[PDB]
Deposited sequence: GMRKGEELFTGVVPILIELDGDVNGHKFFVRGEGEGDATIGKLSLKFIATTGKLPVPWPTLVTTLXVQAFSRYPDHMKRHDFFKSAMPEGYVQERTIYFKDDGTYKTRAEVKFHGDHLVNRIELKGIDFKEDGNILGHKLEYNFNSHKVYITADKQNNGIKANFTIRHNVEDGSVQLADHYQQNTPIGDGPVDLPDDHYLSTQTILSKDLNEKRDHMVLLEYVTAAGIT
């Protein structure tokens, strides 16, 4: 009924993102399931507003680290599940090198028996024919490490990491992420020692789906504490 107890089996997920990049407005809805005992997420996302103005891979990090697999010996370092069901606010600034910036604010919490991630995203200062609004990024997403640290001042957790997006010409587009998470409720939460999350992500399509969409499968495991 609280915290890690809510994640002992498969949990259904709803995601909603309201976005605006250089004034291009869009809306994304995602649905599927997560299982934190194995660290597995399975989700399908649809743009309801027509063709997205940015590449799907640039939205992956924004679109529920509560589904990370924390090994038994690291369970006291799992902030994300400890904040549940009331949830947490997740905020980022994402700097695309030599291009624009996204700022995001999300609330991740339970809604009934479902976990929901509700997001607002604003992007500014993008190049219209750059790698992002020019759609020059490959449809894939490579493995990354996200180091997590406690943010005691605020009873939450911070992370800083750089996503490397492959570009169609063989170059790499860097996206520097700054993240802060805050609990929504004022019950106690776990504040972790430094550790990281290891992620893999594979992106695919539904050949029967006519809307602009992304099918995603991810495995994530926490590590770095022995």
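- Stretches of the deposited sequence left without coordinates are 1-2, 66, in sequence order.
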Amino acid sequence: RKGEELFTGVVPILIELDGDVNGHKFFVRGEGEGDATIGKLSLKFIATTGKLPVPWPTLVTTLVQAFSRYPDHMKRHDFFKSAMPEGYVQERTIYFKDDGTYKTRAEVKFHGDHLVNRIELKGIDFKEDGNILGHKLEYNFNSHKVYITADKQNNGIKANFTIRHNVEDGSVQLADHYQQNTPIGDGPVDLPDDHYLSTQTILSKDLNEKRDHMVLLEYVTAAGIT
From here on, numbers count along this sequence of modelled residues.
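- The question of which stretch, 134-142 or 69-77, has the higher mean Cα B factor is settled in favour of 69-77.
- In this entry, the higher average B-factor at the C-alpha atoms falls on 150-158, of the pair 115-123 and 150-158.
- In the deposited entry, the Cα temperature factor of residue 56 sits in the bottom third of values across the chain's modelled residues.
- When the CA B factors of the chain's modelled residues are split into thirds, the value for residue 27 lands in the middle one.
- Annotation for residue 223: C-alpha temperature factor in the highest third relative to the rest of the modelled chain, per the entry.
- When all modelled residues of the chain are sorted by CA temperature factor, residue 206 is found within the highest third.
- Residue 33: CA B factor lies in the middle third for its chain, per the PDB record.
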